[PDB]
>>> print(open('start.cif').read())   # mmCIF, C-alpha atoms
data_model
loop_
_atom_site.label_atom_id
_atom_site.label_comp_id
_atom_site.auth_asym_id
_atom_site.auth_seq_id
_atom_site.Cartn_x
_atom_site.Cartn_y
_atom_site.Cartn_z
CA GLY A 1 97.58 -28.07 69.10
CA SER A 2 94.19 -26.34 69.07
CA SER A 3 91.86 -24.36 71.32
CA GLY A 4 89.20 -25.99 73.49
CA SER A 5 85.64 -25.41 74.66
CA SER A 6 84.51 -24.29 78.12
CA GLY A 7 81.36 -22.42 79.11
CA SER A 8 77.75 -22.33 77.95
CA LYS A 9 76.85 -25.92 77.07
CA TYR A 10 76.24 -26.77 73.41
CA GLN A 11 72.59 -27.50 72.61
CA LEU A 12 73.38 -28.18 68.95
CA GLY A 13 71.64 -31.56 68.99
CA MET A 14 72.32 -35.28 68.74
CA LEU A 15 73.00 -37.76 65.93
CA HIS A 16 72.65 -41.55 65.91
CA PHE A 17 75.38 -43.67 64.31
CA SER A 18 76.96 -47.12 64.58
CA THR A 19 80.56 -48.07 63.81
CA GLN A 20 81.26 -51.73 63.06
CA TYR A 21 84.12 -53.42 61.21
CA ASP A 22 83.57 -56.59 59.18
CA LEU A 23 86.34 -59.17 59.58
CA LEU A 24 84.96 -61.48 56.89
CA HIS A 25 85.05 -58.69 54.31
CA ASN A 26 88.00 -56.98 56.00
CA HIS A 27 86.39 -53.55 55.63
CA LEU A 28 84.78 -50.81 57.72
CA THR A 29 80.98 -50.98 57.82
CA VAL A 30 79.61 -47.59 58.85
CA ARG A 31 75.81 -47.55 58.84
CA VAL A 32 74.20 -44.10 59.04
CA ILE A 33 71.33 -43.83 61.51
CA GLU A 34 68.57 -41.25 61.95
CA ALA A 35 68.88 -38.26 64.28
CA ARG A 36 66.92 -35.65 66.24
CA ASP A 37 67.14 -32.31 68.04
CA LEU A 38 68.49 -30.54 64.95
CA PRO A 39 68.29 -26.75 64.50
CA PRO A 40 66.40 -25.18 61.56
CA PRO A 41 68.00 -23.68 58.43
CA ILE A 42 69.49 -20.42 59.72
CA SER A 43 72.47 -18.31 58.68
CA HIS A 44 73.00 -15.64 61.34
CA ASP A 45 70.32 -16.31 63.96
CA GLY A 46 66.60 -16.62 64.64
CA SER A 47 64.44 -18.86 66.81
CA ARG A 48 62.55 -21.81 65.33
CA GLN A 49 61.74 -20.27 61.94
CA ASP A 50 58.13 -20.79 60.87
CA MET A 51 57.43 -22.98 57.84
CA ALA A 52 61.13 -23.80 57.51
CA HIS A 53 61.71 -27.30 56.12
CA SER A 54 64.68 -28.38 54.01
CA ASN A 55 66.45 -31.55 52.86
CA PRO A 56 69.24 -32.15 55.41
CA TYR A 57 71.94 -34.80 55.05
CA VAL A 58 74.77 -36.44 56.99
CA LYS A 59 78.37 -36.81 55.83
CA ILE A 60 81.04 -39.38 56.69
CA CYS A 61 84.83 -39.41 56.95
CA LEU A 62 87.75 -41.22 58.59
CA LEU A 63 90.25 -38.86 60.20
CA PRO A 64 92.81 -37.71 60.07
CA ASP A 65 91.84 -38.10 56.41
CA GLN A 66 89.41 -35.25 55.73
CA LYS A 67 89.46 -35.39 51.93
CA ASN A 68 87.45 -38.40 50.76
CA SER A 69 84.18 -37.57 52.53
CA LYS A 70 80.92 -39.42 51.89
CA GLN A 71 77.30 -38.28 52.05
CA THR A 72 73.92 -40.00 52.31
CA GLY A 73 71.08 -39.41 49.86
CA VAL A 74 68.91 -36.31 50.12
CA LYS A 75 65.67 -36.69 52.08
CA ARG A 76 62.52 -34.60 51.64
CA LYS A 77 61.52 -31.63 53.79
CA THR A 78 62.00 -33.00 57.31
CA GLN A 79 63.50 -32.07 60.67
CA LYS A 80 64.74 -35.56 61.57
CA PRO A 81 66.99 -36.87 58.76
CA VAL A 82 66.64 -40.65 58.53
CA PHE A 83 68.22 -42.89 55.89
CA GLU A 84 69.35 -46.05 57.68
CA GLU A 85 71.86 -46.79 54.91
CA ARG A 86 75.02 -48.90 55.13
CA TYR A 87 78.47 -48.09 53.75
CA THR A 88 81.80 -49.85 53.24
CA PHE A 89 85.45 -48.78 53.27
CA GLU A 90 88.43 -50.98 52.40
CA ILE A 91 90.69 -50.24 55.36
CA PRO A 92 93.13 -52.48 57.29
CA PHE A 93 92.21 -52.93 60.95
CA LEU A 94 95.67 -51.77 62.03
CA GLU A 95 94.89 -48.43 60.39
CA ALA A 96 91.26 -48.34 61.53
CA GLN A 97 92.38 -48.23 65.16
CA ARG A 98 94.48 -45.19 64.26
CA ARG A 99 91.71 -43.64 62.16
CA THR A 100 88.72 -41.84 63.67
CA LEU A 101 85.04 -41.89 62.70
CA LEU A 102 83.79 -38.34 62.21
CA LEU A 103 80.26 -37.41 61.12
CA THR A 104 79.24 -33.95 59.92
CA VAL A 105 75.65 -32.72 59.70
CA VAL A 106 75.15 -30.09 57.00
CA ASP A 107 71.89 -28.85 55.50
CA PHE A 108 71.29 -28.86 51.74
CA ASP A 109 69.37 -26.08 50.00
CA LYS A 110 69.64 -23.14 47.60
CA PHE A 111 70.79 -20.64 50.23
CA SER A 112 72.32 -23.45 52.28
CA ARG A 113 75.72 -21.95 53.07
CA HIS A 114 78.49 -23.99 54.69
CA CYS A 115 77.03 -23.42 58.15
CA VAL A 116 77.39 -27.01 59.36
CA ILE A 117 75.26 -27.62 62.45
CA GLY A 118 77.87 -29.75 64.18
CA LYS A 119 80.27 -32.69 64.01
CA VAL A 120 80.88 -35.91 65.93
CA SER A 121 84.30 -37.54 66.21
CA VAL A 122 85.03 -40.89 67.86
CA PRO A 123 88.29 -42.88 68.07
CA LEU A 124 88.02 -46.48 66.88
CA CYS A 125 91.04 -47.41 69.01
CA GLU A 126 89.21 -48.14 72.27
CA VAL A 127 85.86 -49.20 70.82
CA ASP A 128 85.58 -52.80 69.63
CA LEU A 129 84.92 -52.77 65.88
CA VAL A 130 85.00 -56.55 65.49
CA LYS A 131 82.06 -56.53 67.89
CA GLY A 132 80.51 -53.37 66.48
CA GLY A 133 79.59 -50.00 67.94
CA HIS A 134 76.38 -48.15 68.75
CA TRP A 135 75.90 -45.11 70.98
CA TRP A 136 74.49 -41.58 71.13
CA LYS A 137 76.52 -38.36 71.05
CA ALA A 138 75.81 -34.63 71.05
CA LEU A 139 77.09 -32.73 68.02
CA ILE A 140 79.86 -30.28 68.90
CA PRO A 141 80.68 -26.79 67.56
CA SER A 142 83.39 -27.43 64.96
CA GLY A 143 86.35 -25.07 64.85
CA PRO A 144 89.63 -24.15 63.11
CA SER A 145 92.48 -26.66 62.85
CA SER A 146 96.11 -26.06 61.90
CA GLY A 147 96.97 -29.73 61.46
#
>>> encode(input="start.cif", output="structure tokens")
Amino acid sequence: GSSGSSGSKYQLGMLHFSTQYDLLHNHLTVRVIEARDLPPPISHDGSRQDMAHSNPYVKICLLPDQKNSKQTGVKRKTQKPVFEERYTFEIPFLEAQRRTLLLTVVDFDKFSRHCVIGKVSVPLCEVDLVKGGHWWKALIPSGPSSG
């Protein structure tokens, strides 16, 4: 029970990620991939700020659980955050299917307020984890949730 989005497209950007579940280890293997088309460090507004480079980072989480969130190391001044790191999560397939892979892209810096650039949610119910996942999505403008 929440509002939707309809109108001016969202040119927030795009993030690369792959969702694969390991049967041998019986855990969720979520490897974080690089990204591109990410907006500069801005609070209110302002075109491509000059000489504006910070240390961005990507977070991880498995909905509906939005408490135990993970985060990749902090890279050096760069527009395209790339880590190519792998992660694990002891979760029973049965649950996995019900759970959802959500990735949040937030910048890290002194005056780096909680102005997340965008998020990317994807249900692991349809996708085949046992076989692994790998696609490209366009970050969406997160919003309020009463659930």
>>> atom_distance(input="start.cif", atom1="atom CA of residue 119 of chain A", atom2="atom CA of residue 101 of chain A")
10.4 Å
>>> closest_residue(input="start.cif", among="A:142, A:18, A:11, A:5", to="residue 87 of chain A", atoms="only C-alpha atoms")
A:18
>>> resolve_selection(input="start.cif", expression="the PyMOL selection byres ((chain A and resi 12) around 7)", output="ChimeraX atom specification")
/A:10-11,13,38-39,117-118,139-140
>>> resolve_selection(input="start.cif", expression="the PyMOL selection byres ((chain A and resi 74) around 10)", output="ChimeraX atom specification")
/A:54-58,71-73,75-77,81-83,107-108
>>> resolve_selection(input="start.cif", expression="the PyMOL selection byres ((chain A and resi 132-136) around 12)", output="count of residues only")
36
>>> atom_distance(input="start.cif", atom1="atom CA of residue 59 of chain A", atom2="atom CA of residue 106 of chain A")
7.5 Å
>>> atom_distance(input="start.cif", atom1="atom CA of residue 91 of chain A", atom2="atom CA of residue 25 of chain A")
10.2 Å
>>> residues_around(input="start.cif", residues="residue 145 of chain A", least_positions_apart="6", cutoff="9 Å", atoms="only C-alpha atoms", output="PDB file with C-alpha atoms, in the coordinates of the input")
ATOM      1  CA  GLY A   1      97.580 -28.070  69.100  1.00  0.00           C
ATOM      2  CA  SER A   2      94.190 -26.340  69.070  1.00  0.00           C
ATOM      3  CA  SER A   3      91.860 -24.360  71.320  1.00  0.00           C
TER       4      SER A   3
END
>>> decode(input="start.cif", residues="segment 27-72 of chain A", atoms="N, CA and C atoms", output="mmCIF file, in the first residue's frame")
data_model
loop_
_atom_site.group_PDB
_atom_site.id
_atom_site.type_symbol
_atom_site.label_atom_id
_atom_site.label_comp_id
_atom_site.auth_asym_id
_atom_site.auth_seq_id
_atom_site.Cartn_x
_atom_site.Cartn_y
_atom_site.Cartn_z
ATOM 1 N N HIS A 27 23.973 -20.946 0.740
ATOM 2 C CA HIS A 27 23.936 -19.541 1.133
ATOM 3 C C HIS A 27 23.746 -18.642 -0.084
ATOM 4 N N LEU A 28 23.451 -17.371 0.167
ATOM 5 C CA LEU A 28 23.242 -16.407 -0.909
ATOM 6 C C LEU A 28 24.535 -15.666 -1.233
ATOM 7 N N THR A 29 25.014 -15.831 -2.463
ATOM 8 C CA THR A 29 26.241 -15.177 -2.900
ATOM 9 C C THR A 29 25.936 -13.945 -3.744
ATOM 10 N N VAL A 30 25.987 -12.775 -3.115
ATOM 11 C CA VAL A 30 25.719 -11.522 -3.811
ATOM 12 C C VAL A 30 27.007 -10.744 -4.060
ATOM 13 N N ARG A 31 27.490 -10.790 -5.297
ATOM 14 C CA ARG A 31 28.714 -10.092 -5.665
ATOM 15 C C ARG A 31 28.405 -8.692 -6.190
ATOM 16 N N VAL A 32 29.009 -7.684 -5.568
ATOM 17 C CA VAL A 32 28.798 -6.300 -5.973
ATOM 18 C C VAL A 32 29.638 -5.951 -7.196
ATOM 19 N N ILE A 33 28.989 -5.392 -8.213
ATOM 20 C CA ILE A 33 29.678 -5.009 -9.439
ATOM 21 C C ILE A 33 29.757 -3.493 -9.575
ATOM 22 N N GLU A 34 30.642 -3.028 -10.451
ATOM 23 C CA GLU A 34 30.815 -1.598 -10.676
ATOM 24 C C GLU A 34 29.524 -0.967 -11.189
ATOM 25 N N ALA A 35 29.570 0.335 -11.447
ATOM 26 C CA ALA A 35 28.405 1.058 -11.945
ATOM 27 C C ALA A 35 28.823 2.267 -12.775
ATOM 28 N N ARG A 36 27.837 3.011 -13.265
ATOM 29 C CA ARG A 36 28.102 4.193 -14.077
ATOM 30 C C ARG A 36 26.861 5.075 -14.173
ATOM 31 N N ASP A 37 27.036 6.275 -14.717
ATOM 32 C CA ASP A 37 25.931 7.214 -14.868
ATOM 33 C C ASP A 37 25.400 7.652 -13.507
ATOM 34 N N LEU A 38 26.313 7.946 -12.588
ATOM 35 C CA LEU A 38 25.936 8.376 -11.246
ATOM 36 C C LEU A 38 26.118 9.882 -11.086
ATOM 37 N N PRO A 39 25.119 10.537 -10.476
ATOM 38 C CA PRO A 39 25.146 11.985 -10.244
ATOM 39 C C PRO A 39 26.179 12.386 -9.197
ATOM 40 N N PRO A 40 26.690 13.620 -9.312
ATOM 41 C CA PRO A 40 27.692 14.151 -8.383
ATOM 42 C C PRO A 40 27.115 14.412 -6.995
ATOM 43 N N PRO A 41 28.001 14.700 -6.030
ATOM 44 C CA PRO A 41 27.601 14.976 -4.647
ATOM 45 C C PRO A 41 26.871 16.307 -4.508
ATOM 46 N N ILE A 42 25.543 16.253 -4.525
ATOM 47 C CA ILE A 42 24.728 17.454 -4.400
ATOM 48 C C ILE A 42 23.642 17.274 -3.344
ATOM 49 N N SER A 43 23.277 18.370 -2.687
ATOM 50 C CA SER A 43 22.251 18.334 -1.651
ATOM 51 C C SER A 43 20.904 18.786 -2.205
ATOM 52 N N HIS A 44 20.828 20.053 -2.599
ATOM 53 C CA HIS A 44 19.596 20.610 -3.148
ATOM 54 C C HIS A 44 19.543 20.422 -4.662
ATOM 55 N N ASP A 45 20.481 21.047 -5.364
ATOM 56 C CA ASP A 45 20.541 20.949 -6.818
ATOM 57 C C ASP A 45 21.850 21.524 -7.348
ATOM 58 N N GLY A 46 22.010 21.500 -8.669
ATOM 59 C CA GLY A 46 23.219 22.021 -9.279
ATOM 60 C C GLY A 46 23.807 21.071 -10.303
ATOM 61 N N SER A 47 23.939 21.542 -11.539
ATOM 62 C CA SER A 47 24.486 20.724 -12.614
ATOM 63 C C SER A 47 25.809 20.090 -12.195
ATOM 64 N N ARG A 48 26.414 19.340 -13.111
ATOM 65 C CA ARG A 48 27.684 18.676 -12.837
ATOM 66 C C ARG A 48 28.662 19.632 -12.161
ATOM 67 N N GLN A 49 28.729 19.562 -10.835
ATOM 68 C CA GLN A 49 29.624 20.423 -10.070
ATOM 69 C C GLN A 49 31.073 20.220 -10.499
ATOM 70 N N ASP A 50 31.804 21.321 -10.633
ATOM 71 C CA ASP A 50 33.205 21.264 -11.037
ATOM 72 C C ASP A 50 34.083 20.781 -9.886
ATOM 73 N N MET A 51 35.127 20.030 -10.221
ATOM 74 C CA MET A 51 36.044 19.506 -9.216
ATOM 75 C C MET A 51 35.279 18.926 -8.031
ATOM 76 N N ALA A 52 34.354 18.016 -8.319
ATOM 77 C CA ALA A 52 33.554 17.384 -7.276
ATOM 78 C C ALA A 52 33.714 15.868 -7.304
ATOM 79 N N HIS A 53 34.669 15.364 -6.528
ATOM 80 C CA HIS A 53 34.925 13.929 -6.464
ATOM 81 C C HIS A 53 34.919 13.440 -5.018
ATOM 82 N N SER A 54 34.130 12.404 -4.752
ATOM 83 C CA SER A 54 34.030 11.844 -3.409
ATOM 84 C C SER A 54 34.224 10.332 -3.437
ATOM 85 N N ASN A 55 34.076 9.701 -2.275
ATOM 86 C CA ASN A 55 34.235 8.256 -2.165
ATOM 87 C C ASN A 55 32.884 7.574 -1.972
ATOM 88 N N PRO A 56 32.190 7.310 -3.089
ATOM 89 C CA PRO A 56 30.878 6.657 -3.069
ATOM 90 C C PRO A 56 30.964 5.191 -2.660
ATOM 91 N N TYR A 57 29.817 4.600 -2.345
ATOM 92 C CA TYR A 57 29.765 3.202 -1.935
ATOM 93 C C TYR A 57 28.367 2.626 -2.140
ATOM 94 N N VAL A 58 28.295 1.309 -2.303
ATOM 95 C CA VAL A 58 27.019 0.632 -2.506
ATOM 96 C C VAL A 58 26.659 -0.233 -1.305
ATOM 97 N N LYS A 59 25.379 -0.237 -0.949
ATOM 98 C CA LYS A 59 24.901 -1.025 0.182
ATOM 99 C C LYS A 59 24.106 -2.236 -0.295
ATOM 100 N N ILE A 60 23.901 -3.194 0.602
ATOM 101 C CA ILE A 60 23.152 -4.401 0.273
ATOM 102 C C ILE A 60 22.135 -4.731 1.359
ATOM 103 N N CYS A 61 21.075 -5.433 0.976
ATOM 104 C CA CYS A 61 20.029 -5.815 1.917
ATOM 105 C C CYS A 61 19.051 -6.794 1.275
ATOM 106 N N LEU A 62 18.397 -7.600 2.106
ATOM 107 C CA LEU A 62 17.435 -8.583 1.619
ATOM 108 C C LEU A 62 16.054 -8.332 2.215
ATOM 109 N N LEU A 63 15.215 -7.621 1.472
ATOM 110 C CA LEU A 63 13.863 -7.314 1.925
ATOM 111 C C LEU A 63 13.076 -8.591 2.199
ATOM 112 N N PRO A 64 11.981 -8.461 2.964
ATOM 113 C CA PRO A 64 11.550 -7.174 3.515
ATOM 114 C C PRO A 64 12.490 -6.665 4.604
ATOM 115 N N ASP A 65 13.405 -7.525 5.038
ATOM 116 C CA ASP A 65 14.364 -7.163 6.074
ATOM 117 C C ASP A 65 15.208 -5.968 5.640
ATOM 118 N N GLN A 66 15.010 -4.836 6.309
ATOM 119 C CA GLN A 66 15.751 -3.622 5.991
ATOM 120 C C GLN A 66 16.545 -3.136 7.199
ATOM 121 N N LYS A 67 16.984 -4.075 8.030
ATOM 122 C CA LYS A 67 17.755 -3.744 9.221
ATOM 123 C C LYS A 67 19.232 -4.072 9.022
ATOM 124 N N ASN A 68 19.532 -5.356 8.857
ATOM 125 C CA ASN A 68 20.907 -5.800 8.656
ATOM 126 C C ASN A 68 21.375 -5.496 7.236
ATOM 127 N N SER A 69 21.815 -4.261 7.016
ATOM 128 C CA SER A 69 22.287 -3.841 5.702
ATOM 129 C C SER A 69 23.812 -3.872 5.637
ATOM 130 N N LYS A 70 24.341 -4.291 4.492
ATOM 131 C CA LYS A 70 25.784 -4.367 4.298
ATOM 132 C C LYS A 70 26.283 -3.192 3.463
ATOM 133 N N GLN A 71 27.602 -3.063 3.362
ATOM 134 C CA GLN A 71 28.206 -1.982 2.592
ATOM 135 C C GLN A 71 29.626 -2.342 2.169
ATOM 136 N N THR A 72 29.956 -2.054 0.914
ATOM 137 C CA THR A 72 31.282 -2.348 0.385
ATOM 138 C C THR A 72 32.297 -1.302 0.832
#
